[PDB]
Structures are given as C-alpha cells and as structure tokens.
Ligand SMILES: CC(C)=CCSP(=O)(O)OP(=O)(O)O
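Let's start with one chain on its own, the form solved without ligand DST, as structure tokens.
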C-alpha cells in the first residue's frame, strides 16, 4: 500500500471542452474530486497526497481562465477546513493574490494539528522552481559561512526542498498524457508512474483501486 501518492490532476479542461462546455464546468470538479480521493485514500491507509493544482507554467493560459482559477482556489478553506485533512501548500505563494495567500495561510493554520492524511497542494509550483529556491538557500548559507561546497549532498537538498521525504511511492496522472510536466522532479527519482486516459472529473474509487493494484504488482 503506497504511503505517498503524487497526483497530476489533468483532464478537467478537456472534460468540459469535449462536451462543448466552457472550461469552468470542468475546473469546478477539482476540489470536490480531490476531496473524494483524499477520503478514499485515508481509508486505504495512504498517509500523504501531493496534488498538482497549478503549475508555474499555467500562468500562460488565457487571462480570464487564470483569474477564474485563482478565485476558485480561495474555496480551499471551505473545502478542507473541516475535513480532518492536514493541508499544506507548496509553491511560490507570494506571486498569488493576497486574499488567496491569507486563505492558504488560514487553511494551513487550522488543519496543522490534524493527524489523518496529509494533503500537499502544489499551487504555483514546479520542479525547477523547487530546486532553484533550494539552491538559492544553499548559496545563501555558503555565502554566510554555514556550509562548504563539499557539504552539498542529497540530504541537504531534502532539507531545503518544499516537497519532502518520504517521497512519492506512486504517481497517478489522469487525462492521458505521459509526462511529469515539471512536477516534483527531484522527488520522483524512484516513484512508480501510472498513467490513465481517464479524465480527472471521471476518476473514481475503481480507478484509484486499479492504479494501486497495478502498483502492488511490482
């Protein structure tokens, strides 16, 4: 049974587009579906989910679409505050609207004592970003006499990266593409990959169980 599942929640836009609906109709399934996935996963004993909600590259989408997502993301608090999930966000929080920053901070503060499933939401995150910010911190420490070049090792990076040990055992990507798309690059070094054509809004208990059984076959 995986302890840590990484989740690339792709296929929300296409789900709507395929039906001739506007993209908001797909995106509105994001937190409700993720919640469902968390509930099923905690019952199966899974301890951590890291879910990719907004990539550093997604700012390239249409302005209105980006603005819709950023407003929708403020539903974070209402969606997870009383779920018993411990919520953390990783990514560059200071690029986000201040109201979203406060919603995130509040959601983190209120759930930090919860001891069930730890949900990490990667929001304005990318692998490049994570490695770059960790590198800046390492350089800062070096320039302040706190470490030498020979002290630079994997464990130091695991201390400075936002996504931390234990690393994902399994990655699930919905929506049919077979890429990691600048998700948790460092952290996925030994993770088992599972790709399904099933679009995120259509991804249910049977789909998750199938991924896990595929994973349990080694």
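Numbering follows the first chain given and starts at 1.
Missing here is the form deposited with ligand DST bound; even so, the following discussion is about that form.
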Among 44, 69, 152, 188, just one has a heavy atom within 4.5 Å of ligand DST in the deposited bound form, namely 69
Partner-free chain; cross-checking ligand DST in the deposited bound form, the single residue of 53, 161, 34, 171 with a heavy atom within 4.5 Å is 53
Practice prompt. Considering only heavy atoms, tell me if residue 58 and ligand DST come within 4.5 Å of each other in the deposited bound form.
Written response: yes
| Looking at the partner-bound form in the deposited bound form, is residue 207 within 4.5 Å of ligand DST by any heavy atom? | no
Notebook entry, point to check: Heavy atom to heavy atom, is residue 10 within 4.5 Å of ligand DST in the deposited bound form?
Noted result: yes
With heavy atoms only and a cut-off of 4.5 Å, decide whether residue 27 touches ligand DST in the deposited bound form. yes
